[PDB]
file coords-v9.cif (mmCIF, C-alpha atoms)
data_protein
#
loop_
_atom_site.label_atom_id
_atom_site.label_comp_id
_atom_site.auth_asym_id
_atom_site.auth_seq_id
_atom_site.Cartn_x
_atom_site.Cartn_y
_atom_site.Cartn_z
CA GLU A 3 -25.96 12.02 -2.05
CA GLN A 4 -26.41 15.58 -3.30
CA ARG A 5 -28.38 16.19 -6.50
CA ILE A 6 -27.30 18.54 -9.27
CA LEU A 7 -29.37 19.87 -12.16
CA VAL A 8 -27.32 20.61 -15.26
CA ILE A 9 -28.89 23.07 -17.67
CA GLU A 10 -26.79 22.86 -20.81
CA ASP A 11 -27.97 22.89 -24.43
CA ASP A 12 -24.66 21.53 -25.73
CA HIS A 13 -25.08 17.77 -25.34
CA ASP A 14 -21.37 16.94 -25.50
CA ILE A 15 -20.64 19.32 -22.64
CA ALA A 16 -23.62 18.00 -20.69
CA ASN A 17 -22.24 14.46 -20.93
CA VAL A 18 -18.78 15.52 -19.78
CA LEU A 19 -20.25 17.45 -16.84
CA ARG A 20 -22.35 14.41 -15.96
CA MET A 21 -19.39 12.02 -16.01
CA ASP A 22 -17.16 14.35 -14.01
CA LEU A 23 -19.78 15.22 -11.40
CA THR A 24 -21.08 11.65 -11.13
CA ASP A 25 -17.51 10.42 -10.61
CA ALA A 26 -17.43 12.73 -7.60
CA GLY A 27 -20.50 11.08 -6.08
CA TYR A 28 -23.26 13.43 -7.19
CA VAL A 29 -26.57 12.43 -8.72
CA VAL A 30 -26.97 14.38 -11.94
CA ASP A 31 -29.98 15.34 -14.01
CA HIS A 32 -29.88 17.05 -17.38
CA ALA A 33 -31.95 19.78 -19.02
CA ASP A 34 -31.18 20.59 -22.66
CA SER A 35 -33.05 23.90 -22.67
CA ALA A 36 -33.75 26.96 -20.54
CA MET A 37 -37.41 25.94 -20.34
CA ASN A 38 -36.81 22.32 -19.37
CA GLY A 39 -34.42 23.71 -16.78
CA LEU A 40 -37.00 25.97 -15.15
CA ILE A 41 -39.41 23.05 -15.01
CA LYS A 42 -36.94 20.57 -13.52
CA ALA A 43 -35.65 23.16 -11.06
CA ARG A 44 -39.18 23.50 -9.68
CA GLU A 45 -39.96 19.78 -9.58
CA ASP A 46 -36.81 17.64 -9.30
CA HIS A 47 -35.77 19.20 -5.99
CA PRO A 48 -32.10 19.73 -6.90
CA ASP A 49 -29.50 20.73 -4.31
CA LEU A 50 -27.63 22.84 -6.83
CA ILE A 51 -28.18 24.20 -10.33
CA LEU A 52 -25.50 24.51 -13.01
CA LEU A 53 -26.46 26.85 -15.83
CA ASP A 54 -24.43 27.28 -19.02
CA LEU A 55 -25.23 30.35 -21.13
CA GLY A 56 -26.42 29.98 -24.72
CA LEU A 57 -29.19 32.56 -25.13
CA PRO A 58 -29.22 36.27 -25.94
CA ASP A 59 -28.83 38.12 -22.64
CA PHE A 60 -32.36 39.50 -22.26
CA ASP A 61 -33.48 35.87 -22.20
CA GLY A 62 -30.40 34.56 -20.39
CA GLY A 63 -30.69 37.11 -17.60
CA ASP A 64 -34.40 36.32 -17.38
CA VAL A 65 -33.52 32.65 -16.92
CA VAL A 66 -31.09 33.37 -14.08
CA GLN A 67 -33.71 35.66 -12.56
CA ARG A 68 -36.48 33.09 -12.91
CA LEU A 69 -34.37 30.31 -11.38
CA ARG A 70 -33.46 32.75 -8.60
CA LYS A 71 -37.15 33.66 -8.11
CA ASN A 72 -37.92 33.02 -4.43
CA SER A 73 -35.65 29.96 -4.47
CA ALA A 74 -33.23 28.83 -1.80
CA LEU A 75 -31.26 26.77 -4.32
CA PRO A 76 -27.68 27.79 -5.13
CA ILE A 77 -26.96 28.58 -8.78
CA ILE A 78 -23.65 28.48 -10.61
CA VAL A 79 -23.45 30.04 -14.08
CA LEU A 80 -20.95 29.10 -16.78
CA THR A 81 -19.83 32.00 -18.96
CA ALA A 82 -17.16 32.63 -21.60
CA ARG A 83 -17.11 36.36 -20.86
CA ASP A 84 -14.11 36.79 -18.59
CA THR A 85 -14.81 40.35 -17.42
CA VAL A 86 -15.57 42.28 -14.24
CA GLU A 87 -18.83 43.37 -15.87
CA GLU A 88 -19.96 39.78 -16.49
CA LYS A 89 -19.16 38.70 -12.93
CA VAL A 90 -21.03 41.68 -11.50
CA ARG A 91 -23.98 41.03 -13.79
CA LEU A 92 -24.43 37.37 -12.80
CA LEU A 93 -24.00 37.82 -9.06
CA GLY A 94 -26.27 40.84 -9.28
CA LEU A 95 -28.96 38.81 -11.03
CA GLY A 96 -28.84 36.16 -8.31
CA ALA A 97 -26.24 33.62 -9.39
CA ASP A 98 -24.37 32.48 -6.28
CA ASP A 99 -21.18 31.97 -8.26
CA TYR A 100 -19.86 32.01 -11.81
CA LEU A 101 -17.34 29.81 -13.59
CA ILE A 102 -15.34 31.11 -16.55
CA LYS A 103 -15.04 28.94 -19.65
CA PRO A 104 -12.83 27.31 -20.53
CA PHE A 105 -12.06 25.63 -17.22
CA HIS A 106 -10.68 22.41 -15.77
CA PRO A 107 -13.00 19.78 -14.22
CA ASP A 108 -11.29 20.50 -10.89
CA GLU A 109 -12.24 24.18 -10.96
CA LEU A 110 -15.82 22.94 -11.31
CA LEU A 111 -15.66 20.42 -8.46
CA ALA A 112 -14.19 23.20 -6.32
CA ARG A 113 -16.91 25.81 -6.92
CA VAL A 114 -19.54 23.09 -6.56
CA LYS A 115 -18.02 22.01 -3.23
CA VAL A 116 -18.09 25.55 -1.89
CA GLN A 117 -21.84 25.75 -2.58
CA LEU A 118 -22.70 22.33 -1.15
CA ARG A 119 -20.52 22.39 1.98
CA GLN A 120 -22.10 21.30 5.28
CA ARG A 121 -23.91 23.87 7.44
CA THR A 122 -22.56 25.49 10.59
CA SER A 123 -24.07 27.12 13.68
CA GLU A 124 -27.42 26.46 15.35
CA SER A 125 -30.60 28.44 14.71
CA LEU A 126 -29.97 32.18 14.97
CA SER A 127 -32.57 34.55 16.37
CA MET A 128 -33.44 38.18 16.83
CA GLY A 129 -36.91 38.75 18.25
CA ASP A 130 -39.42 36.72 16.25
CA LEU A 131 -36.96 36.41 13.35
CA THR A 132 -35.33 32.99 13.20
CA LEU A 133 -32.70 31.55 10.87
CA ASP A 134 -31.77 27.88 10.65
CA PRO A 135 -28.43 27.82 8.78
CA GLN A 136 -29.03 24.22 7.73
CA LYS A 137 -32.42 23.87 6.08
CA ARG A 138 -31.49 27.36 4.93
CA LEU A 139 -34.81 28.16 6.56
CA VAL A 140 -36.01 31.46 7.99
CA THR A 141 -39.26 32.56 9.65
CA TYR A 142 -40.47 36.00 10.70
CA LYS A 143 -43.72 36.95 12.41
CA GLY A 144 -44.74 33.30 12.14
CA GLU A 145 -44.50 33.47 8.34
CA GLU A 146 -41.87 31.29 6.67
CA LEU A 147 -39.68 33.41 4.41
CA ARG A 148 -37.99 32.55 1.11
CA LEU A 149 -34.47 33.99 0.92
CA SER A 150 -31.82 33.33 -1.69
CA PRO A 151 -28.64 31.79 -0.28
CA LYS A 152 -26.88 35.18 -0.42
CA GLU A 153 -29.80 37.00 1.20
CA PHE A 154 -29.77 34.37 3.93
CA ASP A 155 -26.04 34.64 4.53
CA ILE A 156 -26.22 38.45 4.66
CA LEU A 157 -29.09 38.39 7.14
CA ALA A 158 -27.12 35.90 9.25
CA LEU A 159 -24.03 38.09 9.12
CA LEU A 160 -25.96 41.11 10.41
CA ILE A 161 -27.75 39.17 13.15
CA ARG A 162 -24.61 37.54 14.55
CA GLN A 163 -23.26 41.03 15.30
CA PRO A 164 -26.38 43.21 15.74
CA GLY A 165 -24.56 46.34 16.90
CA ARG A 166 -22.05 46.20 14.07
CA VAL A 167 -22.21 48.15 10.84
CA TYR A 168 -20.38 46.42 7.98
CA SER A 169 -18.93 48.32 5.03
CA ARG A 170 -20.01 47.45 1.50
CA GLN A 171 -16.55 46.01 0.87
CA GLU A 172 -16.69 44.01 4.11
CA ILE A 173 -19.97 42.35 3.15
CA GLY A 174 -18.86 41.86 -0.44
CA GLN A 175 -15.66 40.13 0.67
CA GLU A 176 -17.28 38.02 3.41
CA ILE A 177 -20.39 36.91 1.52
CA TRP A 178 -18.92 36.22 -1.94
CA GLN A 179 -15.52 35.26 -0.54
CA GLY A 180 -13.45 37.17 -3.08
CA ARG A 181 -15.61 36.33 -6.09
CA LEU A 182 -17.35 39.72 -6.33
CA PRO A 183 -15.32 42.49 -8.00
CA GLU A 184 -15.26 45.64 -5.85
CA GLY A 185 -17.07 48.92 -6.54
CA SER A 186 -20.36 47.42 -7.73
CA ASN A 187 -24.04 47.66 -6.75
CA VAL A 188 -24.47 43.97 -5.89
CA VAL A 189 -24.51 44.35 -2.10
CA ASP A 190 -26.91 47.29 -2.31
CA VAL A 191 -29.28 45.35 -4.55
CA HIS A 192 -29.26 42.44 -2.10
CA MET A 193 -29.90 44.75 0.85
CA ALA A 194 -32.81 46.32 -1.03
CA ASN A 195 -34.32 42.85 -1.48
CA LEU A 196 -33.69 41.96 2.16
CA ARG A 197 -35.47 45.14 3.28
CA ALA A 198 -38.41 44.34 0.99
CA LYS A 199 -38.79 40.81 2.35
CA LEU A 200 -38.35 41.88 5.98
CA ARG A 201 -38.74 45.59 6.76
CA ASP A 202 -41.92 46.34 8.66
CA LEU A 203 -44.28 48.80 7.04
CA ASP A 204 -44.69 51.81 9.31
CA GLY A 205 -47.15 51.69 12.19
CA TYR A 206 -47.41 49.56 15.30
CA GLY A 207 -50.48 49.11 17.47
CA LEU A 208 -51.92 46.51 19.81
CA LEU A 209 -53.96 45.22 16.87
CA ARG A 210 -51.42 45.36 13.95
CA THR A 211 -52.92 44.07 10.67
CA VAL A 212 -49.95 42.38 8.94
#

call {"tool": "encode", "arguments": {"input": "coords-v9.cif", "output": "structure tokens"}}
result
Amino acid sequence: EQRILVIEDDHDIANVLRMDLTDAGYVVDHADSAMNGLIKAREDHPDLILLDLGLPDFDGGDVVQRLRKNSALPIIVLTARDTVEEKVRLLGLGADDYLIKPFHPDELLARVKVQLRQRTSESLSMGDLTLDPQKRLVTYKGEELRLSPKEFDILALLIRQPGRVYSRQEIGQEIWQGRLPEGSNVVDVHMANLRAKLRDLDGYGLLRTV
């Protein structure tokens, strides 16, 4: 049974989400505040996080960012702002997917299912870089590496076809499966983070320091 953390300050909505998700065979835990959410996210070992917006956006964005902070956990954000800008903001800040309010319980079960679907291939490799597309685990130079789900999926996409160069639109379409509006910076921002977590500093010698 997969576990879901619901971070929702509106208690009526939290209850409805609990009923609906529980009825689908998920174990559900509730956090009534951004702070309780951060704490449970780090301790309860959830398989997925649902986050419904209620703060000003400096805080709200910070929350998404903090939950995203070196975490492999998928995050879905509920928003009432039905705009291209909002979708680009959330995916850019590290949400794996958004859901526009108001919505039907089935729209929710569907997005949730996408995020929690069973793995695929075996461990991928390229030199001493290894990805296990199941534990969503990756190691490089012996050192285990913490990628977000989208970082992981992008790295996997590149490694499966090493000689291939994908266009921004190609990666956007493949990785977010239609959910990311075109023309944005989201792919670039994810690449920049991938380079930072992976790219080797210049210099190679027999002795190499890190």

call {"tool": "atom_distance", "arguments": {"input": "coords-v9.cif", "atom1": "atom CA of residue A:17", "atom2": "atom CA of residue A:47"}}
result
20.7 Å

call {"tool": "closest_residue", "arguments": {"input": "coords-v9.cif", "among": "A:113, A:29, A:11, A:43", "to": "residue A:57", "atoms": "only C-alpha atoms"}}
result
A:11

call {"tool": "atom_distance", "arguments": {"input": "coords-v9.cif", "atom1": "atom CA of residue A:168", "atom2": "atom CA of residue A:195"}}
result
17.2 Å

call {"tool": "residues_around", "arguments": {"input": "coords-v9.cif", "residues": "stretch 150-162 of chain A", "least_positions_apart": "6", "cutoff": "7 Å", "atoms": "only C-alpha atoms", "output": "JSON, numbers by chain"}}
result
{"A": [72, 73, 74, 75, 76, 98, 128, 177, 192, 196]}

call {"tool": "atom_distance", "arguments": {"input": "coords-v9.cif", "atom1": "atom CA of residue A:187", "atom2": "atom CA of residue A:90"}}
result
8.2 Å

call {"tool": "closest_residue", "arguments": {"input": "coords-v9.cif", "among": "A:50, A:78, A:18, A:200", "to": "residue A:106", "atoms": "only C-alpha atoms"}}
result
A:18

call {"tool": "closest_residue", "arguments": {"input": "coords-v9.cif", "among": "A:14, A:130, A:31, A:49", "to": "residue A:142", "atoms": "all atoms listed in the file"}}
result
A:130

call {"tool": "closest_residue", "arguments": {"input": "coords-v9.cif", "among": "A:45, A:12, A:77, A:33", "to": "residue A:118", "atoms": "all atoms listed in the file"}}
result
A:77

call {"tool": "closest_residue", "arguments": {"input": "coords-v9.cif", "among": "A:144, A:107, A:94, A:56", "to": "residue A:21", "atoms": "only C-alpha atoms"}}
result
A:107

call {"tool": "residues_around", "arguments": {"input": "coords-v9.cif", "residues": "residue A:19", "least_positions_apart": "6", "cutoff": "9 Å", "atoms": "all atoms listed in the file", "output": "list in words"}}
result
residues 8, 30, 107 and 110 of chain A

call {"tool": "closest_residue", "arguments": {"input": "coords-v9.cif", "among": "A:25, A:169, A:102, A:137", "to": "residue A:190", "atoms": "only C-alpha atoms"}}
result
A:169

call {"tool": "residues_around", "arguments": {"input": "coords-v9.cif", "residues": "residue A:136", "least_positions_apart": "4", "cutoff": "8 Å", "atoms": "only C-alpha atoms", "output": "list in words"}}
result
residues 120, 121 and 122 of chain A

call {"tool": "write_last_selection", "arguments": {"input": "coords-v9.cif", "atoms": "C-alpha atoms", "output": "PDB file, in the frame of the given file"}}
result
ATOM      1  CA  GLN A 120     -22.100  21.300   5.280  1.00  0.00           C
ATOM      2  CA  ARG A 121     -23.910  23.870   7.440  1.00  0.00           C
ATOM      3  CA  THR A 122     -22.560  25.490  10.590  1.00  0.00           C
TER       4      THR A 122
END
